[PDB]
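Participant: Input: one structure, supplied below.
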Amino acid sequence: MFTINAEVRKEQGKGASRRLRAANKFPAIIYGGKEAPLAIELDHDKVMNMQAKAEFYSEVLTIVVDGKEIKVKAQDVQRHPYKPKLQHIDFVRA
Amino acid sequence: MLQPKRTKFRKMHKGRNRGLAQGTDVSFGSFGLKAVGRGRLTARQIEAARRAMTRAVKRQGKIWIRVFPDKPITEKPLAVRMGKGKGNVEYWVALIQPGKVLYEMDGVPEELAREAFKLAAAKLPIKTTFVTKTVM
Amino acid sequence: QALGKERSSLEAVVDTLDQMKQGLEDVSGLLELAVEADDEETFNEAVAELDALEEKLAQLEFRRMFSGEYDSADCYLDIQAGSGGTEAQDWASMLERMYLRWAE
Amino acid sequence: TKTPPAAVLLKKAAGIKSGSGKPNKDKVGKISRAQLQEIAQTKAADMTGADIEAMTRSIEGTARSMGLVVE
Amino acid sequence: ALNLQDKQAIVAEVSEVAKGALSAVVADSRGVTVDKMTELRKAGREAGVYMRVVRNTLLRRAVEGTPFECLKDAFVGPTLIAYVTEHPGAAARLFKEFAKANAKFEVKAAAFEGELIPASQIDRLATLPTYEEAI
Amino acid sequence: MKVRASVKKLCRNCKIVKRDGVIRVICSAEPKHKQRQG
RNA sequence: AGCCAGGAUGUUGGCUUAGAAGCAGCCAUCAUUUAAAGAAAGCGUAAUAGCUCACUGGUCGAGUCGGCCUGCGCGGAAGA
């Protein structure tokens, strides 16, 4: 079990998403299966420590998003390209 | 000393060096030397640094060099009242952007490889870090 | 330092020469001790003692024979005729066709 | 006096005069475990192991170091 | 040095040996070189003495397992324990020739009949015979 | 005294101290290893 | 962290070397003793020895070890 909290995003785009990495969050997306894609945001430090462990990428994860649990796999991950950080994670629904 | 075998053109524009790198991931090996700043490795630099890390592992291991000096660079000789054409090609460079992986190693442990890439880093003009491979 | 070095030289000669007196008494013994029981297979298997002792003695010679740094290398040979007209120039050839026909 | 070194008593047992130049890759002899126990029991003045198998594994350590396999 | 789980292995292992143990001897560790320490443990495993040193706050957990809770005064200062499974006495002679031959250090107590016995009265455990006296 | 912009513990005995604005390396066991940062 | 004691046995591991005995260089991955100790961490011998750390029990009695990310600072820093 790897639990994550989130929030749905009000804003989006370059200006909005750069303000998130100023505030120690970062943006990600949940797509896949049937539904509309969902835009979410995550505490950076939480999910940095989790993705250290290589079970992050094998296992099924559990994103809480306004009460509703969702079960998702880590499909893709953009890193910031020298400092050890994260700029975005794609979460396919399983 | 690295240098293409043949090209189309002898001489090249100066260009600029903006933006971030392609070739950010450690693909070939376990560890790697990522650049953090932004400049040019000459070909003599790239070699001096290979000879450091090669010496330092005692030839265990395998080393990959991910960057190649394929831009040529001219200098005018001493006293040349400007003009009268572009200079001769003295030497070759790769351009480096923040995030390019430069060397990769595997077939050694992370004790030794940290020390090898520290001994390389002292020969290069740009600020560097050590990186391990990520699984995705 | 020099005395232990000189003992290391004089051991290499005196050990190897005394064990070739006793080693060719061993081989002349133990080939002939195969003839006393008189088996032709023990007669040929005790020859394996000798051809070990041959390339200890043949490598002690090679240590004297050649010695200086260049004695491995390829060589030139300059034959020159002396001072007596034709009779001397014939003698020079006579050689050339000697050192060629022994380097063959 | 003491019993002579374990390297000298393994050289007679294998049938060699000096050991291996680059050990464990290169191998220059052999010994069965009857001879390992005879070398163990001849050294049983010197050795600080209480039993035999304990003495024998000490002699196996010198055999690995000089190239000799334990056939 | 160790985990909380590795010290739980020692509480189970040393409590279990105390059941098999008839007699037991507390001693001292320091003073003595490994040549002369190993002379104690060679002649130890001839007479049948399971020699140990365990940590001395830790041994209050390991020797709760009865009746050797006598020996809780002794764990202030150094403690080479012993637990003698076969053959009663045995060790108490050998810890006094260990004491004399080096000529240092304390040698505190020795537990038999489920009771603490102080240093001058070990003469009874020291001059027990072999088991194996009546034949 | 060795004076140099990179001071470094050489032996295990060497100790880095800051005296009066300045990084030094005092070694007990080796007088050579005495260093200062200029 | 300090403080006291132990850091051994086959064995100078093997091979090289005038010598190489943990400690010039090269190859290497034992058990035994059990509190635990490298077939060797730094001084040092012509070589052993000598010292000493890893490692380990004793003593003592509350927080501590060292990486990552970020702010402001120190040295590096000599001219008429």
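Ligands are numbered from 1 in the order shown, chains are lettered A, B, ... in the order of the structure tokens, and residues start at 1 in each chain.
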So that I can check the surroundings of region 39-47 of chain D, please list as a PyMOL selection string every protein, DNA and RNA residue that reaches within 7 Å of it, counting only C-alpha atoms (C1' of nucleotides) and ignoring chain neighbours fewer than 3 positions away.
Facilitator: (chain D and resi 3+9+35-36+55-56+59) or (chain G and resi 9-10)
Participant: Dump N, CA and C atoms (P, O5', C5', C4', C3', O3' and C1' of nucleotides) for the selected residues as a PDB file, in the first residue's frame?
Facilitator:
ATOM      1  N   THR D   3      56.369 -28.174  14.379  1.00  0.00           N
ATOM      2  CA  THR D   3      56.082 -28.832  13.097  1.00  0.00           C
ATOM      3  C   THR D   3      56.220 -27.818  11.952  1.00  0.00           C
ATOM      4  N   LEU D   9      54.273 -28.582   3.627  1.00  0.00           N
ATOM      5  CA  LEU D   9      53.631 -29.908   3.698  1.00  0.00           C
ATOM      6  C   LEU D   9      52.485 -30.125   2.691  1.00  0.00           C
ATOM      7  N   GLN D  35      44.957 -37.188   2.617  1.00  0.00           N
ATOM      8  CA  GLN D  35      46.200 -36.415   2.783  1.00  0.00           C
ATOM      9  C   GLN D  35      46.005 -35.098   3.552  1.00  0.00           C
ATOM     10  N   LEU D  36      44.829 -34.476   3.415  1.00  0.00           N
ATOM     11  CA  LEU D  36      44.446 -33.308   4.235  1.00  0.00           C
ATOM     12  C   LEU D  36      44.377 -33.614   5.739  1.00  0.00           C
ATOM     13  N   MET D  55      40.664 -28.671  12.292  1.00  0.00           N
ATOM     14  CA  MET D  55      42.053 -28.637  11.800  1.00  0.00           C
ATOM     15  C   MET D  55      42.153 -28.704  10.271  1.00  0.00           C
ATOM     16  N   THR D  56      41.275 -29.485   9.637  1.00  0.00           N
ATOM     17  CA  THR D  56      41.330 -29.728   8.186  1.00  0.00           C
ATOM     18  C   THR D  56      40.964 -28.488   7.356  1.00  0.00           C
ATOM     19  N   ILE D  59      43.863 -26.160   7.000  1.00  0.00           N
ATOM     20  CA  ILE D  59      44.778 -26.626   5.945  1.00  0.00           C
ATOM     21  C   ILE D  59      44.189 -26.394   4.541  1.00  0.00           C
TER      22      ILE D  59
ATOM     23  P     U G   9      49.367 -15.620  17.905  1.00  0.00           P
ATOM     24  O5'   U G   9      48.564 -16.919  17.448  1.00  0.00           O
ATOM     25  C5'   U G   9      48.619 -18.142  18.207  1.00  0.00           C
ATOM     26  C4'   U G   9      47.736 -19.199  17.583  1.00  0.00           C
ATOM     27  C3'   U G   9      48.186 -19.744  16.237  1.00  0.00           C
ATOM     28  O3'   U G   9      49.218 -20.718  16.359  1.00  0.00           O
ATOM     29  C1'   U G   9      45.853 -19.333  16.194  1.00  0.00           C
ATOM     30  P     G G  10      50.196 -21.030  15.122  1.00  0.00           P
ATOM     31  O5'   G G  10      49.283 -21.897  14.142  1.00  0.00           O
ATOM     32  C5'   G G  10      49.743 -23.154  13.604  1.00  0.00           C
ATOM     33  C4'   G G  10      49.199 -23.383  12.211  1.00  0.00           C
ATOM     34  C3'   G G  10      49.794 -22.528  11.103  1.00  0.00           C
ATOM     35  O3'   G G  10      51.082 -22.977  10.685  1.00  0.00           O
ATOM     36  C1'   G G  10      47.441 -22.661  10.843  1.00  0.00           C
TER      37        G G  10
END
Participant: Please identify all residues of chain D having at least one atom at most 12 Å from any atom of chain E, considering only C-alpha atoms, and return them as an NGL selection string.
Facilitator: :D and (47-51)
Participant: How would the residues just chosen look if you wrote them out with N, CA and C atoms as a compact mmCIF listing (two decimals), in the first residue's frame?
Facilitator:
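Once written, out.txt looks like this:
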# COMPACT_ATOMS: atom_id res chain seq x y z
N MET D 47 48.07 -26.75 16.23
CA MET D 47 46.77 -26.19 15.83
C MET D 47 45.85 -25.97 17.03
N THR D 48 45.08 -24.88 17.00
CA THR D 48 44.22 -24.46 18.12
C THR D 48 42.74 -24.89 17.98
N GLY D 49 42.38 -25.51 16.86
CA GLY D 49 41.12 -26.24 16.74
C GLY D 49 41.09 -27.49 17.61
N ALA D 50 39.96 -27.74 18.27
CA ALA D 50 39.81 -28.86 19.21
C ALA D 50 39.58 -30.18 18.46
N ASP D 51 38.73 -30.18 17.44
CA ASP D 51 38.48 -31.40 16.66
C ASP D 51 39.33 -31.53 15.39
Participant: Under the rule that only C-alpha atoms (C1' of nucleotides) are counted, which of F:2, F:8, F:15, F:36 is the nearest residue to chain G?
Facilitator: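 The answer is F:36, which sits nearest to chain G.
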Participant: List the spatial neighbours of region 38-40 of chain A as a ChimeraX atom specification - criterion: any atom at most 10 Å away, only C-alpha atoms (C1' of nucleotides), same-chain residues fewer than 2 positions off excluded.
Facilitator: /A:5-12,26-32,35-36,42,63,65,89-91
Participant: Rounded to one decimal, what separation in Å do you get between CA of residue 75 (chain C) and CA of residue 92 (chain C)?
Facilitator: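 We find that CA of residue 75 (chain C) and CA of residue 92 (chain C) lie 18.9 Å from each other.
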Participant: Would you give me, as a list in words, the residues of chain G that come within 10 Å of chain D, using only C-alpha atoms (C1' of nucleotides)?
Facilitator: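 Matching residues, ligands excluded from the count: residues 9, 10, 11, 13, 14, 15, 16, 26, 27, 28, 30, 31, 32, 33 and 39 of chain G.
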Participant: As a ChimeraX atom specification, please: every residue in chain E that DSSP puts in strand (DSSP E).
Facilitator: /E:23-25,50-52,81-84,110-111
Participant: Just the selected residues (N, CA and C atoms), exported as a tab-separated table (two decimals), in the first residue's frame, please.
Facilitator:
chain	number	residue	atom	x	y	z
E	23	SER	N	25.32	-26.42	37.10
E	23	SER	CA	26.09	-25.39	37.80
E	23	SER	C	26.45	-24.23	36.86
E	24	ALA	N	26.83	-23.10	37.45
E	24	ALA	CA	27.20	-21.90	36.69
E	24	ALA	C	28.19	-21.04	37.48
E	25	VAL	N	29.09	-20.36	36.76
E	25	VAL	CA	30.18	-19.58	37.37
E	25	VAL	C	30.28	-18.21	36.70
E	50	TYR	N	29.97	-24.45	28.53
E	50	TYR	CA	29.55	-23.49	27.51
E	50	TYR	C	29.86	-22.05	27.96
E	51	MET	N	31.03	-21.55	27.55
E	51	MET	CA	31.52	-20.23	27.96
E	51	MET	C	30.82	-19.14	27.16
E	52	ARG	N	30.38	-18.08	27.84
E	52	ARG	CA	29.86	-16.88	27.17
E	52	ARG	C	30.24	-15.59	27.90
E	81	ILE	N	30.44	-15.10	32.14
E	81	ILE	CA	29.57	-16.20	32.61
E	81	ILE	C	30.01	-17.57	32.08
E	82	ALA	N	29.45	-18.62	32.67
E	82	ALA	CA	29.63	-19.98	32.20
E	82	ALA	C	28.43	-20.82	32.63
E	83	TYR	N	28.08	-21.81	31.81
E	83	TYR	CA	26.92	-22.67	32.05
E	83	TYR	C	27.25	-24.13	31.75
E	84	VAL	N	27.34	-24.95	32.80
E	84	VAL	CA	27.94	-26.28	32.74
E	84	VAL	C	26.82	-27.34	32.68
E	110	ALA	N	29.37	-18.15	42.18
E	110	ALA	CA	29.15	-19.43	41.50
E	110	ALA	C	27.85	-20.10	41.97
E	111	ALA	N	26.88	-20.23	41.06
E	111	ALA	CA	25.51	-20.62	41.41
E	111	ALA	C	25.33	-22.14	41.34
Participant: Which residues in chain A does DSSP call alpha helix (DSSP H)? List them as a ChimeraX atom specification.
Facilitator: /A:14-22,44-52,55-58
Participant: For N, CA and C atoms, I'd like the residues from the last selection saved as a PDB file, in the first residue's frame.
Facilitator:
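Written file, part.pdb:
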ATOM      1  N   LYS A  14       1.335  26.940 -17.916  1.00  0.00           N
ATOM      2  CA  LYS A  14       2.716  27.306 -17.569  1.00  0.00           C
ATOM      3  C   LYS A  14       2.812  28.128 -16.285  1.00  0.00           C
ATOM      4  N   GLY A  15       1.999  29.181 -16.211  1.00  0.00           N
ATOM      5  CA  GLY A  15       2.065  30.132 -15.106  1.00  0.00           C
ATOM      6  C   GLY A  15       1.637  29.502 -13.805  1.00  0.00           C
ATOM      7  N   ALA A  16       0.467  28.872 -13.835  1.00  0.00           N
ATOM      8  CA  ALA A  16      -0.051  28.091 -12.719  1.00  0.00           C
ATOM      9  C   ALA A  16       0.898  26.979 -12.255  1.00  0.00           C
ATOM     10  N   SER A  17       1.349  26.140 -13.179  1.00  0.00           N
ATOM     11  CA  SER A  17       2.183  24.980 -12.825  1.00  0.00           C
ATOM     12  C   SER A  17       3.572  25.301 -12.311  1.00  0.00           C
ATOM     13  N   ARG A  18       4.064  26.512 -12.572  1.00  0.00           N
ATOM     14  CA  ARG A  18       5.372  26.956 -12.051  1.00  0.00           C
ATOM     15  C   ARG A  18       5.238  27.535 -10.674  1.00  0.00           C
ATOM     16  N   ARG A  19       4.052  28.079 -10.389  1.00  0.00           N
ATOM     17  CA  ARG A  19       3.690  28.496  -9.039  1.00  0.00           C
ATOM     18  C   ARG A  19       3.593  27.317  -8.070  1.00  0.00           C
ATOM     19  N   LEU A  20       3.245  26.130  -8.572  1.00  0.00           N
ATOM     20  CA  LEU A  20       3.182  24.929  -7.737  1.00  0.00           C
ATOM     21  C   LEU A  20       4.538  24.446  -7.287  1.00  0.00           C
ATOM     22  N   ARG A  21       5.536  24.538  -8.135  1.00  0.00           N
ATOM     23  CA  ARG A  21       6.857  24.038  -7.757  1.00  0.00           C
ATOM     24  C   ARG A  21       7.627  25.085  -6.928  1.00  0.00           C
ATOM     25  N   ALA A  22       7.181  26.340  -6.985  1.00  0.00           N
ATOM     26  CA  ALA A  22       7.505  27.340  -5.961  1.00  0.00           C
ATOM     27  C   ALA A  22       6.966  26.991  -4.568  1.00  0.00           C
ATOM     28  N   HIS A  44       5.382  17.537  -2.891  1.00  0.00           N
ATOM     29  CA  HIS A  44       6.551  17.062  -3.610  1.00  0.00           C
ATOM     30  C   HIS A  44       7.391  16.119  -2.754  1.00  0.00           C
ATOM     31  N   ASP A  45       7.548  16.440  -1.472  1.00  0.00           N
ATOM     32  CA  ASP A  45       8.444  15.689  -0.590  1.00  0.00           C
ATOM     33  C   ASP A  45       7.929  14.287  -0.287  1.00  0.00           C
ATOM     34  N   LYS A  46       6.627  14.181   0.007  1.00  0.00           N
ATOM     35  CA  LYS A  46       5.930  12.886   0.168  1.00  0.00           C
ATOM     36  C   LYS A  46       6.258  11.916  -0.958  1.00  0.00           C
ATOM     37  N   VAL A  47       5.976  12.357  -2.180  1.00  0.00           N
ATOM     38  CA  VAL A  47       6.032  11.504  -3.362  1.00  0.00           C
ATOM     39  C   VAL A  47       7.466  11.369  -3.875  1.00  0.00           C
ATOM     40  N   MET A  48       8.362  12.259  -3.453  1.00  0.00           N
ATOM     41  CA  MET A  48       9.793  12.073  -3.695  1.00  0.00           C
ATOM     42  C   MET A  48      10.320  10.874  -2.914  1.00  0.00           C
ATOM     43  N   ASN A  49       9.998  10.830  -1.623  1.00  0.00           N
ATOM     44  CA  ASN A  49      10.429   9.732  -0.755  1.00  0.00           C
ATOM     45  C   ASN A  49       9.857   8.381  -1.167  1.00  0.00           C
ATOM     46  N   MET A  50       8.601   8.372  -1.618  1.00  0.00           N
ATOM     47  CA  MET A  50       7.948   7.135  -2.062  1.00  0.00           C
ATOM     48  C   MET A  50       8.612   6.553  -3.307  1.00  0.00           C
ATOM     49  N   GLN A  51       8.809   7.395  -4.317  1.00  0.00           N
ATOM     50  CA  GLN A  51       9.356   6.952  -5.607  1.00  0.00           C
ATOM     51  C   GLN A  51      10.858   6.609  -5.586  1.00  0.00           C
ATOM     52  N   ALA A  52      11.543   6.895  -4.480  1.00  0.00           N
ATOM     53  CA  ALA A  52      12.830   6.256  -4.180  1.00  0.00           C
ATOM     54  C   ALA A  52      12.749   4.729  -4.259  1.00  0.00           C
ATOM     55  N   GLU A  55       9.323  -0.376  -5.792  1.00  0.00           N
ATOM     56  CA  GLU A  55       7.949  -0.875  -5.754  1.00  0.00           C
ATOM     57  C   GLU A  55       6.896   0.166  -6.159  1.00  0.00           C
ATOM     58  N   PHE A  56       7.257   1.453  -6.167  1.00  0.00           N
ATOM     59  CA  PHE A  56       6.397   2.525  -6.722  1.00  0.00           C
ATOM     60  C   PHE A  56       5.872   2.217  -8.124  1.00  0.00           C
ATOM     61  N   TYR A  57       6.749   1.647  -8.947  1.00  0.00           N
ATOM     62  CA  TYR A  57       6.519   1.489 -10.377  1.00  0.00           C
ATOM     63  C   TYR A  57       5.903   0.133 -10.739  1.00  0.00           C
ATOM     64  N   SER A  58       6.194  -0.906  -9.956  1.00  0.00           N
ATOM     65  CA  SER A  58       5.475  -2.189 -10.059  1.00  0.00           C
ATOM     66  C   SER A  58       4.039  -2.137  -9.501  1.00  0.00           C
TER      67      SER A  58
END
Participant: Counting only C-alpha atoms, collect the residues of chain A whose closest atom lies at most 9 Å from chain B, and write them out as a PDB file with C-alpha atoms, in the first residue's frame.
Facilitator:
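Below is the file result-v1.pdb, written as the result:
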ATOM      1  CA  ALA A  52      12.830   6.256  -4.180  1.00  0.00           C
ATOM      2  CA  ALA A  54      11.285   0.651  -6.835  1.00  0.00           C
ATOM      3  CA  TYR A  57       6.519   1.489 -10.377  1.00  0.00           C
ATOM      4  CA  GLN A  75       2.738   5.249 -16.191  1.00  0.00           C
ATOM      5  CA  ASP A  76       5.244   8.094 -16.748  1.00  0.00           C
ATOM      6  CA  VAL A  77       7.390  10.611 -14.852  1.00  0.00           C
ATOM      7  CA  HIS A  80      13.621  18.171 -13.470  1.00  0.00           C
ATOM      8  CA  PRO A  81      16.680  17.649 -15.537  1.00  0.00           C
ATOM      9  CA  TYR A  82      19.550  18.210 -13.045  1.00  0.00           C
ATOM     10  CA  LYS A  83      18.374  18.828  -9.466  1.00  0.00           C
TER      11      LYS A  83
END
Participant: Work out how far CA of residue 104 (chain B) is from CA of residue 66 (chain B), in Å to one decimal.
Facilitator: 7.6 Å
Participant: What separation in Å, quoted to one decimal, exists between CA of residue 108 (chain B) and CA of residue 63 (chain B)?
Facilitator: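 These atoms are spaced 10.3 Å apart.
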Participant: Could you give me, as a list in words, the residues within 10 Å of region 25-32 of chain F, counting only C-alpha atoms (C1' of nucleotides) and dropping anything in the same chain fewer than 6 positions from it?
Facilitator: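 Surrounding residues, per the criterion: residues 1, 2, 7, 8, 9, 10, 11, 12, 13, 14, 15, 16, 17 and 18 of chain F; 43 of chain G.
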Participant: Tell me the residues of chain F close to chain G, meaning within 9 Å using only C-alpha atoms (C1' of nucleotides), as a list in words.
Facilitator: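 Listing them in order of chain and number gives residues 4, 5, 6, 11, 12, 21, 22, 23, 29, 37 and 38 of chain F.
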Participant: Restricting the calculation to only C-alpha atoms (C1' of nucleotides): of G:70, G:34, G:29, G:48, which residue gets closest to chain E?
Facilitator: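 Answer, going by the shortest atom-to-atom distance: G:34.
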